[PDB]
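To start, the structure under review is shown below, and the notes come after it.
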Amino acid sequence: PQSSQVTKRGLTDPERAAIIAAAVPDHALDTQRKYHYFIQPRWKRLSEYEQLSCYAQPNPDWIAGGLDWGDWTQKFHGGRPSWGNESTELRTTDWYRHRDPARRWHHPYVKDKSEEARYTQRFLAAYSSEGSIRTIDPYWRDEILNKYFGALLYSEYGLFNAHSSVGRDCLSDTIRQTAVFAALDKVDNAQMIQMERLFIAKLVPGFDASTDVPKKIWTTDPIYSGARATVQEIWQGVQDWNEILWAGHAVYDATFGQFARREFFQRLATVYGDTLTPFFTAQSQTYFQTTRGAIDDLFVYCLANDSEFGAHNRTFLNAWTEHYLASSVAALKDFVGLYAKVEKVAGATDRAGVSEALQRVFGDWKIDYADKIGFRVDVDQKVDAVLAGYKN
Amino acid sequence: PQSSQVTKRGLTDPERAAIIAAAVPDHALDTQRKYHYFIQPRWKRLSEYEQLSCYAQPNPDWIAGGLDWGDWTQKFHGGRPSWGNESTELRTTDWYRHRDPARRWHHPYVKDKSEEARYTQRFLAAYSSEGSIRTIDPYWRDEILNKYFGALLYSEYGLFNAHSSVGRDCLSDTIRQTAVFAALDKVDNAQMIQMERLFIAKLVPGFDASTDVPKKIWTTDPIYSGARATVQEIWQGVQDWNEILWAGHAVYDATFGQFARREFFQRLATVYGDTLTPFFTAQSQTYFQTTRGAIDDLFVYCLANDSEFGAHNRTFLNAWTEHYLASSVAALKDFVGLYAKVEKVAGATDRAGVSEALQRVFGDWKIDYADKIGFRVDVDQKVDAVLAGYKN
Amino acid sequence: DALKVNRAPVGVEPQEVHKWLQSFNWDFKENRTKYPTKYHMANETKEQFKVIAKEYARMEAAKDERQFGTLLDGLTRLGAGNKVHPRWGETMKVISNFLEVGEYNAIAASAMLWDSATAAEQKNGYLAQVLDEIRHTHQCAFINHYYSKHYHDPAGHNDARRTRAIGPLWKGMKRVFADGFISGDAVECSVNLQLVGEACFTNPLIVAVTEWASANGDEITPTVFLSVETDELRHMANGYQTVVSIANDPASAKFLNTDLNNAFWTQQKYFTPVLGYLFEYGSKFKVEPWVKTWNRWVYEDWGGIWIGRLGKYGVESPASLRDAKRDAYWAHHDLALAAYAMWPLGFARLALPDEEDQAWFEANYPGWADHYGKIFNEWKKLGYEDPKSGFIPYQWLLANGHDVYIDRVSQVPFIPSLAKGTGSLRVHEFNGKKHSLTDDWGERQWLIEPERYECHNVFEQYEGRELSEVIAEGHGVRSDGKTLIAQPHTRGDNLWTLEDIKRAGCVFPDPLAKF
Amino acid sequence: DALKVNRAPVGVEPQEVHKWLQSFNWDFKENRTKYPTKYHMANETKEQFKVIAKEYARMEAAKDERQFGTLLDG
Amino acid sequence: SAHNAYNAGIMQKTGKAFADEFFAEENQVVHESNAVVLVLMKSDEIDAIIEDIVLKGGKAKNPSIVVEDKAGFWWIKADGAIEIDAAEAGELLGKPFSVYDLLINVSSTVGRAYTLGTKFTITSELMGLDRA
Amino acid sequence: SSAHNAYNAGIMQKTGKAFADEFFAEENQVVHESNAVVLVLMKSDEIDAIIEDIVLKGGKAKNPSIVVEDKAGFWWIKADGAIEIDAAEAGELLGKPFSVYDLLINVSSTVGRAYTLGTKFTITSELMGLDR
Amino acid sequence: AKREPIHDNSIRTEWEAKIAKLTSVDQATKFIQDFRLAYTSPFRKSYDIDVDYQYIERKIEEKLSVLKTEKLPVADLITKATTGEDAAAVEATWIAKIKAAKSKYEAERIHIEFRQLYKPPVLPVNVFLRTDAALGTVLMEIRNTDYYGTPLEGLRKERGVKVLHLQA
Ligand SMILES: [Fe+3]
Ligand SMILES: [Fe+3]
Ligand code: NA
């Protein structure tokens with residue numbers, strides 16, 4: 001036995017189920033069965049993503065778009081509201097407008113990453129059994145990949161922590177979900193970089209997967225000097241949560257981050273015989289494009305084209321872009337000094353190869369971000385600015 | 001209303017639930033709750049994989065290991081039994097002994113491949129958005145990858161269909177599951193090769209993803225002459241289901257298949273700037289090692305070491321190996337003529353690079369298969385035989 | 001070039017890959033089936049459900065996650081595993097494990113269709129079907145696996161893969177949806193397995209049964225069985241494509257009507273009495289008369305939507321249908337007599353029909369009370385349920401001249417002196433061996449094809465042996481080594497032991513010795 | 001080298017990555033909280049449930065599948 | 001259309017009346033039927049499809065549709081054909097729902113079934129035999 | 001056994017005025033240190049097997065103070081000192097992969113200091129970082 | 001008659017003792033062919049070991065197969081029957097034999113006797129399965145020609161059964 005009563009279930013206990021059946025009316029008391037039917041659908045019909053996310057944040061009418069009323073029940077010492085317009089320079093007619101084009105609420109997000117989590121481990125057990133590490137260029141593996149791809153995890157880690165204040169300060173539910181999912185993907189990138197290094201250590205005797213060398217390079221090597229200065233500022237130098245998201249994803253990671261991950265480590269892996277790294281960069285680059293879709297909607301669809309504050313917001317976005325683009329080309333100018341340490345491959349690591357890589361990064365960024373907010377940029381000028389740090 | 005009665009559920013309807021509760025005894029009628037507790041466990045504890053799979057095949061006692069008795073109820077015209085010892089030369093004390101080391105029943109199998117299916121499409125949507133195809137060597141893309149990797153799908157397709165008679169003829173449940181899962185992975189490989197070609201066609205104008213050229217190469221190009229002859233024989237030339245599984249997976253696909261997929265297309269992708277193909281070869285190579293574990297258990301653990309028929313089975317396995325290794329060495333001798341069409345890369349496509357690739361494949365195969373059945377093989381002799389087809 | 005490319009997000013949908021599957025085959029002289037067949041017509045067809053390997057797994061894994069969520073989370077938290085009426089919990093020992101062997105043999109049969117297919121798209125579709133039948137094998141196993149863990153009698157749920165070999169009803173199961181599929185013409189499987197088996201009999205066997213489970217408190221089986229049948233849409237579609245090509249070639253079409261009739265009789269000979277017995281006698285709450293279930297699914301819908309529609313193209317109504325309809329009305333009542341009389345040879349606990357059941361039987365089958373009802377009530381008065389009675393009805397049958405025979409072809413038991421369903425005993429001696437046949441259709445099969453039908457029956461194997469020794473040898477006991485798995489009642493007390501069986505002194509005779 | 005390597009099947013468990021997480025931080029003058037607080041004590045501690053991003057997603061998705069299966073199906 | 005009901009025709013009779021028609025001479029051969037039978041296992045997505053698609057736009061197009069509750073599944077019978085557009089269901093459910101996802105809970109079919117684009121169809125037509 | 005760890009132990013046995021008198025007694029207006037721990041496991045196939053074959057056998061054999069109560073949707077467990085569950089033991093019981101992460105799928109609540117050490121989950125009355 | 005236990009009885013034990021004394025491929029081939037002619041198929045000579053012959057046949061197969069691998073060269077295992085005949089010639093001989101049969105009754109006995117004589121390990125498995133399938137094709141086709149043409153009374157006479165009982 002037990003001290004407390006074994007509760008009878010109303011669903012299956014005959015006596016309680018009969019009582020419930022007598023109390024339930026023989027008809028529905030309303031016909032509106034669409035959960036939060038009054039959400040304005042972005043697409044042709046209301047999505048489950050919107051139903052579960054939208055208006056979860058209890059904003060009052062004095063925060064643009066809020067449906068509630070009155071002041072907060074408890075504020076900070078001094079009077080800072082729980083959420084407030086003072087949290088960002090940007091303005092809108094409705095902070096709820098943002099929609100992730102991937103329509104990620106929590107379940108589809110972890111569902112997809114769970115697939116990547118389990119398949120990765122099956123890939124590693126098979127890769128180690130295949131012995132494919134035997135054909136990788138050892139200099140690339142030991143002197144470039146282990147040290148400088150390892151150092152790059154600190155860039156992804158810093159971008160992850162830049163979201164801590166964003167997760168507290170931002171003013172709507174869909175934005176908060178976008179920000180947090182982007183943060184996890186960044187710390188995932190840094191953890192996946194370390195996972196590959198620990199994995200290689202099991203295959204190559206003498207290969208040191210410790211973070212001692214990568215951390216020393218990230219903190220003192222001039223190759224990452226500009227990048228680390230930019231990450232420290234975006235992470236800990238600002239609290240405007242829109243500035244952090246824009247500078248982090250739309251400027252820095254869209255230029256330096258894409259060049260380092262895609263143009264250097266992923267691309268050069270496929271010229272130095274690295275059959276392992278492309279599996280890991282496949283994930284970080286997938287995460288980048290997913291994040292970009294949501295970041296693009298927040299800043300381009302919603303903020304840069306807000307019916308009342310579009311030009312107002314572009315003024316700040318232009319100023320932020322000018323500052324953080326200068327930071328990013330300075331980071332790239334420092335970073336391209338790493339080509340002086342790699343084995344030369346024509347069309348990839350020579351001046352023409354690096355120039356064409358910079359033209360892709362700056363050119364794609366002009367189309368994906370600059371053109372959409374009215375930021376004028378001379379692509380060739382930025383390429384030549386970075387190439388000034390390339391040793392011929 | 002409706003013409004038929006709305007059946008009341010015994011679980012929730014008060015009247016029927018009370019009747020059921022009065023009829024159910026107040027105690028269990030046995031304490032043995034382990035489903036098929038009498039299965040001899042391979043590992044320290046009985047697994048759910050074994051519980052759901054083992055003795056599903058209703059073999060009688062005159063088929064080694066069967067628990068039933070008597071003749072079949074209906075046989076073929078002439079007298080061929082539903083299952084029979086005449087289906088294979090190999091003998092054992094118990095056909096039920098085989099265990100997939102991955103312990104795959106149907107659910108974990110489709111669960112894992114579902115992860116790969118959905119992640120693949122997310123990877124392709126991001127890869128196309130990344131534009132990473134821009135840095136691939138166009139000659140490799142158009143003249144080697146599209147044509148000869150496309151031709152390789154027909155090898156995977158033929159190996160898939162080689163399992164059709166095995167799925168009917170084999171004599172136990174765990175063996176049948178191993179064979180069918182291996183067959184799906186092969187036809188998956190052929191479909192994934194075509195998927196990559198169709199994907200490239202959406203990114204490169206003028207890139208023809210039709211199978212006309214790959215099929216013409218598979219059926220008429222001397223580079224695939226030996227491979228196609230071997231696949232036709234394993235698929236349609238024999239019905240001994242143990243010979244098919246051994247010749248297909250343990251000899252041909254372990255030698256020619258591993259060289260083509262891993263040493264040629266996957267490896268050279270990482271010297272010609274191909275950031276796309278490694279994502280697809282990652283899957284086929286994962287599938288190969290999973291299949292190998294199950295193939296290894298059937299032929300090495302169970303058959304080559306069966307207490308009564310081990311040496312008997314090794315006699316047949318040795319004869320099969322000698323024949324199909326010669327076929328595979330002739331296939332590789334034809335195949336290495338493809339190196340005359342590739343751009344020369346020191347250590348990868350020169351004679352020394354091809355020699356080391358053959359040493360890995362033949363060397364791994366001696367350790368993974370030949371040593372385990374007592375098949376003596378001179379690796380350097382087999383390497384030099386293939387290199388006779390290499391154009392200096 | 002190196003700078004400009006279309007960066008629109010694209011993938012590759014399954015139908016984009018599928019359109020090129022037909023070109024994956026190539027021509028060579030040995031590219032043909034390995035199995036004997038009468039059908040050699042052109043059969044390059046297109047499959048109606050485009051599927052590739054990656055999408056196959058995605059579809060099935062999605063079905064599984066919802067199914068196992070219901071079983072392992074929700075229903076377990078509700079304790080639903082022990083909310084089943086004992087009659088139906090015992091019935092699922094037989095239904096799920098017997099279907100399991102049908103699913104398992106369907107793997108091998110689908111592999112023959114895979115092997116005998118000539119179009120790459122058709123080989124692709126049959127591999128998916130082969131995989132589905134593996135899934136269904138493990139689904140059926142999982143039902144008994146779950147019952148073993150949560151139901152008040154795990155014995156028989158936990159070991160049927162060996163305890164089924166004891167009893168005679170298992171012999172016929174190895175033909176109806178097993179040997180009858182895989183031991184014959186490979187492309188003919190499109191007729192017996194698919195046009196008949198999947199398109200006709202899976203609906204009452206797998207779908208309709210779920211309403212009987214729910215009526216008797218079982219929500220585990222509907223969760224699984226209804227998921228099983230979702231795969232059958234592709235299986236039926238695969239077979240229909242081949243049946244079309246057979247009907248279109250005059251040389252192939254001349255085999256179709258005979259193969260159809262033989263398939264329909266072979267399957268219905270066992271399916272009709274056994275499933276009808278398990279539905280009506282292995283339940284407390286009845287959904288409908290079994291003969292109405294059979295009329296709705298077999299005669300009217302399958303016979304009308306498939307066979308009747310195909311009549312426009314030379315497919316004939318099965319000549320054995322008249323004999324089959326008589327079986328639909330009475331044969332499951334005949335089988336109940338043999339099942340109750342030989343209960344110690346099974347692995348399930350049986351329940352004699354109570355007064356409410358008897359009224360239902362007589363209302364829906366007038367004449368049942370004066371025949372079957374009087375027999376069951378006489379057995380009860382003799383102590384059918386009482387372990388100390390020393391009474392087992394099989395000896396009672398013999399003492400009153402009600403011999404039980406086994407059809408050499410179908411393995412279905414036959415009691416000619418008590419049967420109301422289709423049948424008449426034919427006893428032939430051939431080459432010094434006696435054979436008993438029970439209907440016009442099976443006797444033709446045996447007379448023309450004797451080397452296909454050499455199945456030993458329980459009387460030939462058990463001849464002269466005492467009942468309790470056969471049961472003990474076959475592991476037909478619970479974990480105490482003495483109490484029988486099978487029981488003549490569904491109560492928790494007064495369970496029969498091997499010694500209780502032994503006191504009756506039942507010895508297996510040679511039923512053909514008198515001929 | 002190019003021929004010999006350990007081909008034993010290995011992966012990387014979550015705890016293997018997690019042991020290096022503490023080294024992901026680096027020192028700089030602005031590396032401190034943005035919010036007002038009365039608490040400024042040393043607080044370099046270890047979390048009792050080692051988790052990384054991939055393993056977090058695997059755990060929660062497994063919970064979800066059973067939960068949504070029960071709701072939408074059973 | 002009551003002729004498509006589960007208990008239509010002979011299924012209304014019981015006792016001797018049922019047996020008399022069941023064993024009648026004209027009922028010892030099959031009778032061609034222009035109907036189709038669709039079975040959908042109950043679930044959140046399917047019950048929404050039944051109420052707002054099959055019993056609305058479905059039965060508006062095909063008034064012969066009969067839907068019956070069989071505890072664990074839906075029983076559907078109609079003349080000629082039954083169709084379900086996965087794109088319409090996807091708009092109803094508010095979540096990704098391809099034609100492959102629709103088949104997750106499509107349990108049984110009596111008739112010729114296929115998928116054409118986003119639409120699932122079960123039809124009385126004998127494709128490959130009947131004139132196109 | 002140990003009745004002091006029962007859900008309805010002590011004051012929880014009383015009703016009416018008797019309960020109110022002790023609930024409002026002067027000595028019960030401050031918290032009292034407890035050496036106990038409370039573990040909650042939501043019901044499922046895996047958990048119900050763990051409860052019967054681990055917690056109520058070897059668990060209570062090590063810690064005879066363990067009390068387990070049925071709370072419809074979950075298990076209520078209370079014991080002196082600590083409660084431990086070895087995922088490796090559960091994996092041997094279930095016959096399927098079962099890491100300590102998989103064990104936590106249905107571990108709902110904890111009152112005490114909880115942690116994972118290898119394959120073992122433990123909730124303890126010890127104040128780690130403060131005690132000893 | 002009283003049958004002994006199913007899986008362990010004096011008949012199986014006694015026959016296992018006979019099998020253990022086979023020492024050559026020739027002796028075991030004659031042993032297995034005589035056994036299959038005497039105890040298998042509807043045209044067997046004796047049903048005296050009916051519930052044991054299939055298990056005993058398995059044990060004879062195992063003995064002959066091990067003797068083959070111990071004594072015969074590899075090429076003989078692939079291209080020759082243990083009678084010494086060329087395997088391909090055996091296939092062609094029996095395919096031609098059944099294609100010349102003038103009735104299903106002639107065709108059925110050719111297929112049955114082929115299996116009795118050349119079932120593995122006598123013939124190599126690959127050759128046997130090819131021939132068995134080719135023979136079964138012809139047998140199926142001639143049997144399914146006018147399947148219902150002959151009444152049961154005529155079929156009983158054509159088969160040659162002794163009709164012991166016909167229920168009224
Ligand atoms: Fe099935
Ligand atoms: Fe099927
Ligand atoms: Na501070």
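Residue numbering restarts at 1 in every chain; chains get A, B, ... in the order shown in the structure tokens, and ligands count up from 1 in that same order.
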Residues within 10 Å of ligand 3, counting only C-alpha atoms and all ligand atoms, as a short mmCIF file (atom, residue, chain, number, x, y, z; two decimals) with N, CA and C atoms, in the first residue's frame:
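Ended up saving to pocket-v3.cif:
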data_model
loop_
_atom_site.label_atom_id
_atom_site.label_comp_id
_atom_site.auth_asym_id
_atom_site.auth_seq_id
_atom_site.Cartn_x
_atom_site.Cartn_y
_atom_site.Cartn_z
N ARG D 32 32.64 41.60 -18.78
CA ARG D 32 31.87 41.57 -17.54
C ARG D 32 30.41 41.85 -17.88
N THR D 33 29.54 41.62 -16.90
CA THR D 33 28.11 41.71 -17.13
C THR D 33 27.69 43.15 -17.45
N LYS D 34 26.54 43.27 -18.12
CA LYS D 34 25.98 44.57 -18.47
C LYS D 34 24.89 45.04 -17.52
N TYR D 35 24.43 44.18 -16.61
CA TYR D 35 23.27 44.50 -15.80
C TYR D 35 23.66 44.86 -14.37
N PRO D 36 22.89 45.71 -13.70
CA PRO D 36 23.24 46.08 -12.32
C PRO D 36 23.07 44.91 -11.38
N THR D 37 24.02 44.77 -10.46
CA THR D 37 23.98 43.68 -9.50
C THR D 37 24.74 44.08 -8.24
N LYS D 38 24.29 43.54 -7.11
CA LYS D 38 24.99 43.70 -5.84
C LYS D 38 26.06 42.64 -5.62
N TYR D 39 26.08 41.60 -6.44
CA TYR D 39 26.92 40.43 -6.21
C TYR D 39 28.11 40.47 -7.15
N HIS D 40 29.32 40.52 -6.57
CA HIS D 40 30.55 40.65 -7.34
C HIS D 40 31.59 39.63 -6.88
N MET D 41 31.15 38.50 -6.34
CA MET D 41 32.09 37.52 -5.83
C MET D 41 32.59 36.60 -6.94
N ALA D 42 33.68 35.90 -6.65
CA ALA D 42 34.22 34.92 -7.59
C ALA D 42 33.21 33.79 -7.78
#
- May I have the residues of chain F within 12 Å of chain C, counting only C-alpha atoms, written as a PyMOL selection string? chain F and resi 41-49+52+70-75+94+105-106
- Message: as a PyMOL selection string, please: every residue in range 188-284 of chain A that DSSP puts in helix (DSSP H, G or I).
- Response: chain A and resi 188-203+212-220+222-236+241-269+277-284
- Message: Give me, as a list in words, all polymer residues having an atom no more than 9 Å from residue 221 in chain C, counting only C-alpha atoms and skipping those fewer than 2 positions away in the same chain.
- Response: residues 92, 96, 140, 143, 209, 210, 213, 214, 218, 219, 223, 224, 225 and 226 of chain C
Requested write-out: C-alpha atoms of the selected residues, as a PDB file, in the first residue's frame:
ATOM      1  CA  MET C  92      -3.930 -11.107 -29.531  1.00  0.00           C
ATOM      2  CA  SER C  96      -0.386 -10.841 -33.665  1.00  0.00           C
ATOM      3  CA  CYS C 140       3.555  -7.550 -34.744  1.00  0.00           C
ATOM      4  CA  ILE C 143       2.551  -5.879 -29.847  1.00  0.00           C
ATOM      5  CA  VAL C 209      -9.938  -6.093 -36.192  1.00  0.00           C
ATOM      6  CA  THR C 210      -8.855  -2.800 -34.603  1.00  0.00           C
ATOM      7  CA  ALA C 213      -9.743  -4.522 -30.028  1.00  0.00           C
ATOM      8  CA  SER C 214     -11.110  -1.107 -29.033  1.00  0.00           C
ATOM      9  CA  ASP C 218      -7.305  -2.833 -26.386  1.00  0.00           C
ATOM     10  CA  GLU C 219      -5.841   0.437 -27.683  1.00  0.00           C
ATOM     11  CA  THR C 223      -2.122   2.068 -32.604  1.00  0.00           C
ATOM     12  CA  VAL C 224       0.082  -0.452 -34.423  1.00  0.00           C
ATOM     13  CA  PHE C 225      -2.194  -2.275 -36.879  1.00  0.00           C
ATOM     14  CA  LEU C 226      -3.604   0.926 -38.389  1.00  0.00           C
TER      15      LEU C 226
END
- Message: Neighbours of ligand 1 at 7 Å or closer, counting only C-alpha atoms and all ligand atoms: which residues, as a list in words?
- Response: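 Residues satisfying the distance criterion: residues 103, 106, 132, 133, 136, 228 and 232 of chain C.
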- Task: Please run DSSP on the backbone and report, as a PyMOL selection string, all residues within range 30-62 of chain E that come out as strand (DSSP E or B).
- Result: chain E and resi 35-41
Write the residues of the preceding selection, restricted to C-alpha atoms, as a PDB file, in the first residue's frame.
ATOM      1  CA  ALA E  35     -17.469   2.651 -55.521  1.00  0.00           C
ATOM      2  CA  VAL E  36     -14.207   3.277 -53.677  1.00  0.00           C
ATOM      3  CA  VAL E  37     -13.417   2.726 -49.997  1.00  0.00           C
ATOM      4  CA  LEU E  38     -10.940   4.912 -48.117  1.00  0.00           C
ATOM      5  CA  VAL E  39      -9.783   4.286 -44.543  1.00  0.00           C
ATOM      6  CA  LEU E  40      -8.074   7.013 -42.502  1.00  0.00           C
ATOM      7  CA  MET E  41      -6.696   6.223 -39.065  1.00  0.00           C
TER       8      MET E  41
END
